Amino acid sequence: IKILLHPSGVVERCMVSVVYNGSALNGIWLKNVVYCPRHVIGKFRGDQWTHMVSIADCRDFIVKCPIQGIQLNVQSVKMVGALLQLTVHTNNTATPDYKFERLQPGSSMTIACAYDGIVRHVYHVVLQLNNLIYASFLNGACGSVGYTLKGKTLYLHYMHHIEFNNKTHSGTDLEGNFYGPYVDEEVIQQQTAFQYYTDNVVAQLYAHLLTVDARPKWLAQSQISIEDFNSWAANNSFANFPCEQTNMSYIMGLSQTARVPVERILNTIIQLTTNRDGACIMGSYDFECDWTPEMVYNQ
């Protein structure tokens, strides 16, 4: 039915603010380490970072965890990828069992968008095939993390770095490596041509059949084979179906509930490109990659 976000409680208790000679962004504080974007110390390019971090004064890092009221102190500074690993005196007692998991495109995460070390908004996002997320950030939002939760463990996937004029956003995983070829420099950077995550677009139409209307007038009458669709997809900015073989279990499940084979869904996608004419599907006027098959099937 709905777009589900993971509860932001564990992340709020670990957020901190990091300020360095005027530049201010967010960090996350797990055990005795604070992870924050490296450009808090300056807007350097290429291979300048190794030297500038090595001469960075640990005393110029003013770090405070506001929801815990305590102000931290940086003992050592280490660059790990495009992130800084500020080792601090105190161990965070709120640190959960966590894991640094890299996202593959087409997966979802909750964004805990923070300012001055406090979470202000949480929203849903899916890593696109251009390795960008379509999010919402203002100045000082860098260091905001994307995360998911399985049982007790906090699965951190993302830390925010860059906004690209088209309201796309880019960052690293928590290991410090970017998604895609983007880097933390204030320049125009070439972008991958947008391509739909077909598995998720299929999940959008199925979610519509399951909660809004089981027989919409735009639902195609005829089927198209997966193979015929994949031939059309290569010329129409749709990824090869299925993008992920594991999504087929969920997609076959949704077809059984909706009593609509995925061949009708794929053919509806082809027809919609020529005649959606403003149809609102699952509450959007777009093709949305926010609905993953797993979230639609499980809920």
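What we label the rigid core is the largest C-alpha set whose atoms superpose within 1.5 Å from one form to the other. The first residue of the shown sequence is 1; numbering continues from there.
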Completion exercise
Returned stretch for higher CA RMS in 5 other deposited structures of this protein, core superposition, given 197-205 and 214-222, is 214-222
Practice task
Find the stretch among 9-17 and 287-295 with the larger RMS C-alpha deviation in 5 other deposited structures of this protein, all structures being superposed on the shown form by the rigid core.
Solution key: 287-295
Practice task
Could you tell me whether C280 lacks coordinates in at least a third of the other compared entries whose models cover its neighbours on both sides?
Solution key: yes
Exercise for the section: Could you check which stretch, 96-104 or 69-77, carries the larger mean CA temperature factor in the entry? Expected result: 69-77
Exercise for the section: Read off the CA B-factors in the entry, average them over 182-190 and over 195-203, and name the higher stretch. Expected result: 182-190
Exercise for the section: Choose from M52, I269, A239, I251 the residue with the greatest Cα B-factor as stated in the PDB record. Expected result: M52
Completion exercise
For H124, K167, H121, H160, the deposited C-alpha B-factor is largest at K167
Problem - Chain thirds of CA B-factor: placement of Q85 - result: middle
Completion exercise
Chain thirds by Cα B factor, record data; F287 belongs to the middle
Fill in the blank from the handout: On the chain's distribution of Cα B-factors, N32 falls within the third called highest
Exercise for the section: Place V19 in the lowest, middle or highest third of its chain's C-alpha B-factors, as listed in the PDB entry. Expected result: highest
Fill in the blank from the handout: Entry-reported C-alpha B-factor of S8 relative to its chain, by third, is lowest
